[PDB]
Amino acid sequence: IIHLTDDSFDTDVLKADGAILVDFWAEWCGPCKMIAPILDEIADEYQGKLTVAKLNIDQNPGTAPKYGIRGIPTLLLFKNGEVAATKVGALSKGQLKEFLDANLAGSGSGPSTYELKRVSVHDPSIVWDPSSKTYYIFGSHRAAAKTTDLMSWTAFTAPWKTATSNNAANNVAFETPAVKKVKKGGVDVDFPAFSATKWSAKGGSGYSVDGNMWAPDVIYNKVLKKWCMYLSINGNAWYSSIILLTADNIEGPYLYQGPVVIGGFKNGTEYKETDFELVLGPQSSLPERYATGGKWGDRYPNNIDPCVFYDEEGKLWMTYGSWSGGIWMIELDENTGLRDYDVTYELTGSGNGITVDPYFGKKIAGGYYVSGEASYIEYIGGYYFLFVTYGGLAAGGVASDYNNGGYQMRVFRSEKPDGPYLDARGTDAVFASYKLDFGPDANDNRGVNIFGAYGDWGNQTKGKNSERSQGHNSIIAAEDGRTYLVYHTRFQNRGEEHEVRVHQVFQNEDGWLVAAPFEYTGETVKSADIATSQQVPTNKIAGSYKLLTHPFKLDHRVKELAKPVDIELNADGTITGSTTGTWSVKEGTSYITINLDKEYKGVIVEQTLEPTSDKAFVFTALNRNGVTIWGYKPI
C-alpha cells in the first residue's frame, strides 16, 4: 500500500498507469480503522490489476476538497487520473470485491446484471403484446419464445384449434377454412374450401406438412381484436400458400381462417381450386402467362415468408416471396385480415418482365430467380425500410456448393409502403435480369449490407462462436422508443446450430439504418436521442479502436469471416494505424463521420460487451456503396 501525501498525489495518482484505489481517512474515525485491514488484504489479492493508496486527510488538507470528499473513509477509484467510481464507508471485504469486480475490466460475466438465455427459433418474427408488456417471436416449425427484456427468452408452443379440438394435429389444422364467404363489390361471394396441405401435396409424392410450416408473421388486427398468424405452408414445384390463422390470445390456440395467397397453379384447371377467380373473375382457361411449366420461378413467386404490417395511414399490406420471381406485395382487408378482393392490379410488363400481375400483385424486389427471401418492412424515422435476406440459410463451408450458406441481410428504403425500394445509391431492389447477387462470384451488389459474417469481435463473437449466415430478420420500432433488429444466426464451428440475436438500430444523419455492433444488453439510449444529444463527449473519443468492415462478396464456401484491424483515432481528427483517414463529429448530436478510402456516416454510442459488464464507445457507419463499418474502444 502506497501511503501518499498531497504533493505526491499528482504523480502517484493522476500520473498512474493502471487503476488506483484511494482511501481518504483520518485519525478520529472508527470506520477508517475497521477498513484498514480489509484494504491490506485487497492489496494482496488484487496485485495484478490495481494499486491501493491512502491519504491521511489530517496531514493533507489539500487533496480531498477537490474531489468533494465528505464522509470518511471515502474510497476513490482513479482511472489514469480521473474518478471512475466512488464509495463511502467501512465496506466489508465482500462489498469491496463486488465493487472492484464491477469497475475493473477483465472480470468476466460474474458482475454483469443481465442474463442472455438463448433460444433457437428459426426465422424469428417479433411482436409486442401490450396486455402483458411482453415481446414474442414466432418462427418456423412452430417454434415460439417470449421475453420481457430481449435478453432472456423462454420457448413455448402455441396450440392449433379446429372445430372439434383445442390442441389439433398439424395434419388436420389447415384443411377447412373457418371463413365461407368474403366481400367483393361489397356483396358476399363464396370463398374456396381450400385445404393448404392437399394443395402443397400436389408438388410431390408422400407429402407431410410437419417440416413445411415456415416463417409465420404474427400481428394484432385492430378491427377484429384478434392476434393473426400468417403462416407459409410450403410444397415443392411452387405449390405453396400463405394462410391466416387467428386467436383471442397471442399464445393460441390459433384457428385456420383461410388462404391469403396461393401459388403454383401452372397446370390445367387447378386454378379452380384456388381464389384465382375471386381475384380475376370467372376464367374459362388458365391465362397463358401462368402456363410456365418448370420455368415458373423466372416469373412468379414461391408463396412463402409473409410480412404483414399496417402502413402509416392504417392500411394493411402483405409482402411475400422467396427467390424465384421475387418479392411481391398485395393489399389486405383491414376488417378480415384476408386479401382485399376489391383491389385491382393492372398487368404491367410481359413474360419474365412482368412487374405487376393481376393475381400476385406488385413486385417490390428480386425477379429472374435471383436470391432474396424473408422480406420485411417497418416504418422507422420517416421512411419505410425493406429488408431482404440474400444467399443460402446453411452455415456454409462446402467448397463445391455455392448455395450452401451465404445468408446476409440487405436493406432498402422508400417514402411509400409499396415502393419503389431503393438502396443508398438509388438502385432498385427489383432486378431487370438474372444476376448472381451474393457471395464471392457476385456480379451485383445492391442494398445496404447491414452486417455480414464476422469474428474476433468483442467477448462473444469469437472462435467457434463467430457469427455467420445471419438473416431472416424482423425489426420493430418499439413502444419504448428503441428499434430492435431480431434475426437468427449460425456460427463458425457449431454445425448447423442457430440462435436468436437482437441488436439495437439507429439512423445516421442521412436517415439510413446503422446496427449497434453488439447485442442489446439494456442500454438506455433511445432512437430520438441520436439527433438531439451527444452520447459520447468529443474529448473522450480519441484512442485505440478495433475497426471491422463488412464487405460484399465474402466466400461462405470456405466460411470466410470479416475480422477487425487496429486503428487509432487521434484527438486532432486523424486516423492512423492499419489505415489512414480522418474522423469528425457533429457537436450536440451523436453523429460521426469516418473518412477512410471513402466517407462513412454513422453514430457513436456506449455499448456493453456481452456477456461481461465491460463498456465501450462504439461507432457504426455506412457508405452509399452499401458497405458498413463498426469500431470499438474499451472505455
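In case it trips you up, residue 1 is the first one in the sequence shown, and so on.
- The stretch with the higher mean CA B factor, choosing between 395 to 403 and 551 to 559, is 395 to 403.
- Looking at 338 to 346 and 92 to 100 together, the entry lists the larger mean B-factor for 92 to 100, computed on C-alpha atoms.
- Highest CA B-factor among 34, 609, 585, 605, as stated in the entry: 34.
- When the Cα B-factors of 116, 329, 215, 422 are read from the PDB record, 116 comes out highest.
- Ranked by Cα temperature factor within the chain, residue 155 sits in the middle third according to the deposited record.
- Among all modelled residues in its chain, residue 9 ranks in the highest third by Cα B-factor.
- In the deposited entry, the Cα temperature factor of residue 321 places it in the lowest third of its chain's modelled residues.
- Annotation for residue 530: CA B-factor lies in the middle third of the chain's modelled residues.
- Remark: residue 24 belongs to the highest third of its chain, ranked by C-alpha B-factor as recorded.
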